[PDB]
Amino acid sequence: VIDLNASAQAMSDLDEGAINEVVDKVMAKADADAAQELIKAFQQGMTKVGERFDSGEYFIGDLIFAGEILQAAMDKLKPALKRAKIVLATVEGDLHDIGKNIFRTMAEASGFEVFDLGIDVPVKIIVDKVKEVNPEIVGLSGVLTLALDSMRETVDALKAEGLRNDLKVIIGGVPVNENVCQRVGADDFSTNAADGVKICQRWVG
């Protein structure tokens, strides 16, 4: 670009004018390597959206916005240019998916292939999907205590099938924290969907 750090800031600020000004400049010079640098800068800015949510400056709506804004930039940058895979579910006992879907949108916009299994998803169905597609990451959503139990059951089933050690497990949902992460047997838990993407990007290469 002219200025990658300013472009990261523009994503952080959710400034559609500035984001599209730079996307246009990059698309004009038709350099794949420059487009990839801009993408990385936008991804860094997504992380900053999460930090701004965690501070209380930004709200749920801003997280919805961020995902949609990143995806729109990615769609424009695609002409100028093997995805890591995530199997994603709201687990058995739970019908809450607003949050999971915020994450799904951010993860899709960040170049992951996401297999969204939907809500109230039985353990056995999650495990069958992991056998089928061999994802790098399994992401599990829930809030009710029964759901948190189903998270633990899903990890235990992956261990029984010899699948656990070759993937990473991330959990999210209203009540998740380090204590729930430990009880479940997950690798990490998210504070917010943008933090979760940050985690997942670190795991993949």
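Note that residue numbering begins at 1 and tracks the sequence as displayed.
In the deposited sequence, the stretch from residue 98 to residue 99 has no residues without coordinates, so the chain runs on without a break. Mean C-alpha B-factor is higher over 34 to 42 than over the other stretch, the pair under comparison being 34 to 42 and 63 to 71. For the segment pair 72 to 80 and 110 to 118, the entry gives 72 to 80 the higher mean B-factor, averaged over Cα atoms. Among the modelled residues of the chain, residue 18 sits in the highest third by CA temperature factor in this PDB entry.
Among all modelled residues in this chain, the alpha-carbon of residue 176 has a temperature factor (C-alpha) in the highest third. Per the PDB record, residue ranking by Cα B-factor puts residue 142 in the middle third of the chain. Ranked by C-alpha B-factor against the other modelled residues of its chain, residue 4 falls in the middle third.
Among the modelled residues of the chain, residue 29 sits in the highest third by CA temperature factor in this PDB entry.
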